[PDB]
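Each answer follows from the model by the rule given with it, or from the source it names; none is laboratory data. Every residue, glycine among them, receives a Cβ derived from its backbone with ideal geometry; neighbour counts consider all protein chains shown.
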């Protein structure tokens, strides 16, 4: 039945149980259950859940494949994984990654002073720390102190200039010096050219520092959908590696492939995100290198990958409850029975009646045209708003009955921000799998196009032919309906633009074991007041003025002004996310 | 001479003086001067400058045109401008906008609880406050208290549901009730009330005796509308909805909110305008279209309400960033490696090089490249070494360059100290291009096809050179002198969308005031320190220092004497911003 492609992007990490999606780990805890509990604890609004277990699965999944790949071709070189902090620096992830990847000697990558410091604090002693990006004397120095501190740090040079800087401060610091890495410029736009690489080696040689040159690195970019570019790159780099060793760089014993390992985001049959498998990527790496090592009869290099997206993507799920259900309301009774109807809508009537399986497709054509002519007349002021209404309703009825005789449904408003938790959606084509948390045992019957609570119309995940999304027809006020956005654990939080001040949603870390699951490490969403302060507003001032305006107001009495204060203070200390509007009173006699 | 199109996007707000760009206001203070001063005060790294004066110019520029447009056609209806906070909520702007737009009764627009509160605090009493977006009982209630507070607030309904909510809590609150606005769904734009829904909306208000509140209809076409036609098509349709609604009993309906859309000129290249219309044209069109409809339906000329935020906020801010280093191509013969026996492919490259001439120039160019492609293919196969590869690249480049010479790519890449994801997200997100020009040395002619890039690993963070975007910068010596670049019209949507990539936090910002005496720096906000940044991610600063302190102490690669020294440095770097210093 409808599984929302949970088998494509989901892998064996997520499974559907009693009509509800769960974490395929121990008792297969349902996400909808964890959500409910958190809501009971008073955590409403959108929430981001982190599942450390998934992080572990991913780590052992990377090491798992590369090891099996190494054994297959009997690769003598070693393998090591590094995590580029740039894809997600949030403690809720980083703290777990270093912890879970300890047994694997998983390292950390930094590309700024801020990240390097972080890395220097949480990276397990002994694990490698690579450093990319442009560096100044300060960054190089701190890299050095990281070495003196006992860390396995490697400074990757982006240009000869940086190399010189290191050489200089090298003879200025102490005995402990960091490892030097050279970023190669691939001809398959930063890095050292072939001629620059040679100079680089001579410089290190002149200053007796070849001992430091231990690895070359190249980056092709993130989410590489094709496997060919990687093979073309690895090959070129592999030869640069050997050539550099033959040049005297005896300590050069590793190649850093960088990132690029793609993640499967597709949730629709016949639309894979990447055309290759992890094992394929690993086998290809080990093979290409082995071959080159043999040809040049040199030493098989140590493999270093900095795949962050892959290891961080699935660890986080963004759950958001459906606030409202805006559908296409067009009942025949809505027709303002006019007395003297304009010819155009008159024809629309005749069509709605005479419509039959034979002239169905035809009528549909004509009906549309009529609506177009009426609208054009409306803008010319030749028809009243009732007419326009009639036209639109009839047109819809005709179009409806048309498809019926032939042989979007609703727009779900989700309590979250498509700019806050999912920037890659607005920034690029990046699409995240979306599926309800429960009611999966039932077949959805509503071509949906979910949109967030934002003025900007550019904030909605519209329905598509290639992206046919169907959600169950539920009653927001009668029951609860939560949506889940998966694989949102990479690059989304870091790129959380925070549009209409909608701050990061509440996040919680879910631990799972044989006993069950246990919520922990909750970070509640900021209050409006806190948010304003973060923009550098004077909270104290804002309250004084607010307090004053209510007091000096002459539209309400003291009694009321006090009441107002109570509310105002409640709203200030509350998060800015919207709440369901709920049931509305009936102001008409009924029974 | 080279003015970087300062006349296109610059308007009469920026002018070039003694070879340096300045604020065309009083003594025409040069930006490069203000920067220097701030650097002398110890504020290095990238800085965002805010010029309140520009904000004023813009406000009086909007009211100016709409007023002159109203007088031209003798429009009886009034005009009012509102500022959508969503385009920039930073105090450095907002506090100045409300202040400078007070005399104009400039209002504020909010689209969230957070923004509404803000608005309720800073919006001048009496000025209008419009509220768009989806609302829950809470947002509606606070809107109501804003009314009771004495504010001129209007709640714009997005759906019948919201209307009902208001109606309900209406008879629950007190006498003071907010004004009700209806967002119309335009059949020429997504959200809003359909024609049939609008009627129901009116009936509901009528049944609950609330027509008194329905005072304006609103529609939004979106931001940065480059074409004027869609606006005219919209205004027309809305204009008729307006009249029809009044004829339906909505007597209090006396205003139309056009929303945003007024485009800003970002183009700095001749023959490449961002918008095809002028502000006056936009104004004249609005006043005309409405007058006509009001006359045809012989109804009341509506009050004009616009919520153009980008227009009024764009130019107020300039992002200045110093050039840390220039990267070029070290291609010269002295780079060639005289090998005793080298591949015949590079042998041909030599001959080709010494045999080049006007006659065979264009031919040799082609052949030189093919040969390079060959040598490369061979390198990837392990048939040539790195030296050969180096010689090939050197020769090919030499030949290619010596070719263009005889025949009747980017010359240099500039490493600017800033983030193309932090201060300029609209660049990565969309096509959005911001004018770029040096702060000084303008009296000289630039001679370097440049492609400036920021200090970030991600290669997707660079403003590459283009045929349609031919950027030229002066050939300067980073270590010999200072060279600052300026990114203009960055005061809208950029800071709010400051992704903050590799943790590069918002740069230091300062508010520059200008008068007859000169300029005066004030309201400086220094850039966060690494430590502060880590805390903002919810890291335990105290913990991080303890562990860092401990690792140095228990280290066995350095002595006590040294460990103490390390500590001193470590603490200095922690309390410093994360931007690069110098190279």
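Details
For (1) over 27 Å from residue A:218 (Cα atoms); (2) surrounded by fewer than 22 Cβ atoms within 10 Å (Cβ to Cβ); (3) touching a strand residue (DSSP E or B) at 6+ places or on another chain (Cβ under 7 Å); (4) outside the structural domain of residue A:105 (by CATH), each residue gets a yes or a no:
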site: A:277; (1), (2), (3), (4): no, yes, no, no
site: A:284; (1), (2), (3), (4): no, yes, no, no
site: A:320; (1), (2), (3), (4): yes, no, yes, yes
site: A:337; (1), (2), (3), (4): yes, yes, no, yes
site: A:342; (1), (2), (3), (4): yes, yes, no, yes
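- Entry remark, the stretch A:469-508: residues being within 18 Å of residue A:437 (Cβ to Cβ) and surrounded by 20 or more Cβ atoms within 10 Å (Cβ to Cβ) number 15 in total.
- Counting the residues of the stretch A:428-446 that are touching a helix residue (DSSP H, G or I) at 6+ places or on another chain (Cβ under 8 Å) and either within 30 Å of residue A:225 (Cβ to Cβ) or in a helix (DSSP H, G or I) (or both) gives 4.
- Residue list for the stretch B:556-575, restricted to those being in contact with a helix residue (DSSP H, G or I) (Cβ under 8 Å, 6 or more places away or on another chain) and at the interface with chain A (Cβ under 9 Å from one of its Cβ atoms): B:557, B:558, B:562, B:563, B:566, B:569, B:570, B:573, B:574
- Complete set of residues in the stretch B:137-158 that are out of contact with any strand residue (DSSP E or B) (no Cβ under 8 Å at 6 or more places or on another chain) and either within 9 Å of chain A (Cβ to nearest Cβ) or within 14 Å of residue B:216 (Cβ to Cβ) (or both): B:137, B:138, B:141, B:142, B:145, B:148, B:149, B:150
- The listed residues are B:337, B:346, and the only one of them that is within 14 Å of another protein chain (Cβ to nearest Cβ) and part of a helix (DSSP H, G or I) turns out to be B:346.
- Inspection of the stretch B:245-260 finds no residue satisfying the criterion of being within 25 Å of residue A:377 (Cα to Cα), within 34 Å of the chain's Cα centre (by Cα), assigned to a loop (DSSP other than H, G, I, E, B) and in the same structural domain as residue B:300 (by CATH).
- Considering (1) under 21 Å from the mean Cα position of the chain (by Cα); (2) under 24 Å from residue B:135 (Cβ atoms); (3) more than 13 Å from chain A (Cβ to nearest Cβ), the lone condition that residue B:80 does not fulfil carries the number (1).
- Strands (runs of 3 or more DSSP E) wholly inside the stretch B:1-52 containing at least 2 residues that are over 21 Å from residue B:523 (Cβ atoms): B:14-16
- Each residue in the stretch A:285-297 was checked for being assigned to a helix (DSSP H, G or I) and touching a helix residue (DSSP H, G or I) at 6+ places or on another chain (Cβ under 7 Å), and 5 of them qualify.
- Within the stretch A:214-223, tally of residues that are buried (at least 21 other Cβ atoms within 10 Å of the Cβ) and either out of contact with any strand residue (DSSP E or B) (no Cβ under 6 Å at 6 or more places or on another chain) or not in a loop (DSSP other than H, G, I, E, B) (or both): 4
- Residue that is surrounded by the fewest Cβ atoms within 10 Å (Cβ to Cβ) [pool: residues in the stretch B:403-427 that are in contact with a helix residue (DSSP H, G or I) (Cβ under 7 Å, 6 or more places away or on another chain) and outside any loop (DSSP other than H, G, I, E, B)]: B:406
- Any chance residue B:204 is at the interface with chain A (Cβ under 10 Å from one of its Cβ atoms), farther than 21 Å from residue B:235 by Cβ and assigned to a helix (DSSP H, G or I): yes
- Those residues of the stretch A:367-386 which are in contact with a helix residue (DSSP H, G or I) (Cβ under 6 Å, 6 or more places away or on another chain) and in a helix (DSSP H, G or I), in sequence order: A:367, A:370, A:371, A:373, A:374, A:378, A:385
- Which listed residue, of B:242, B:282, B:266, B:277, is in contact with a helix residue (DSSP H, G or I) (Cβ under 9 Å, 6 or more places away or on another chain) and closer than 23 Å to residue A:387 by Cβ: B:242
- Some residue of the stretch A:153-169 being surrounded by fewer than 24 Cβ atoms within 10 Å (Cβ to Cβ), within 20 Å of residue A:311 (Cα to Cα) and more than 26 Å from the chain's Cα centre (by Cα): no
- Any hit, the stretch B:92-100, residues being over 21 Å from residue B:492 (Cβ atoms), assigned by CATH to the domain that holds residue B:128 and crowded, with 24+ Cβ neighbours inside 10 Å: no
- A single entry from B:211, B:182 fulfils the requirement of being surrounded by fewer than 23 Cβ atoms within 10 Å (Cβ to Cβ) and either more than 8 Å from every other protein chain (Cβ to nearest Cβ) or assigned to a loop (DSSP other than H, G, I, E, B) (or both): B:211.
- Residues of the stretch B:292-314 satisfying the condition of being farther than 19 Å from residue B:219 by Cβ and within 15 Å of the chain's Cα centre (by Cα): B:312, B:313, B:314
- Condition met for residue A:303 (away from chain B (no Cβ under 12 Å) and within 30 Å of residue A:475 (Cβ to Cβ)): no
- The residues on offer are A:362, A:392, and the sole one that is surrounded by fewer than 17 Cβ atoms within 10 Å (Cβ to Cβ), within 27 Å of residue A:446 (Cα to Cα) and not assigned by CATH to the domain that holds residue A:433 is A:362.
- Test: residue in the stretch A:129-136 that is closer than 17 Å to residue A:207 by Cβ and either facing another protein chain (nearest Cβ under 9 Å) or out of contact with any strand residue (DSSP E or B) (no Cβ under 6 Å at 6 or more places or on another chain) (or both): no
- Within the stretch B:519-555, being under 25 Å from the mean Cα position of the chain (by Cα) and more than 9 Å from chain A (Cβ to nearest Cβ) holds for B:519, B:520, B:521, B:522, B:523, B:524, B:526, B:527, B:528, B:529.
- Condition met for residue B:300 (touching a strand residue (DSSP E or B) at 6+ places or on another chain (Cβ under 6 Å) and outside any helix (DSSP H, G or I)): no
- Residue check, residue A:108 touching a helix residue (DSSP H, G or I) at 6+ places or on another chain (Cβ under 6 Å), closer than 21 Å to residue A:263 by Cα and either surrounded by 21 or more Cβ atoms within 10 Å (Cβ to Cβ) or not assigned by CATH to the domain that holds residue A:222 (or both): yes
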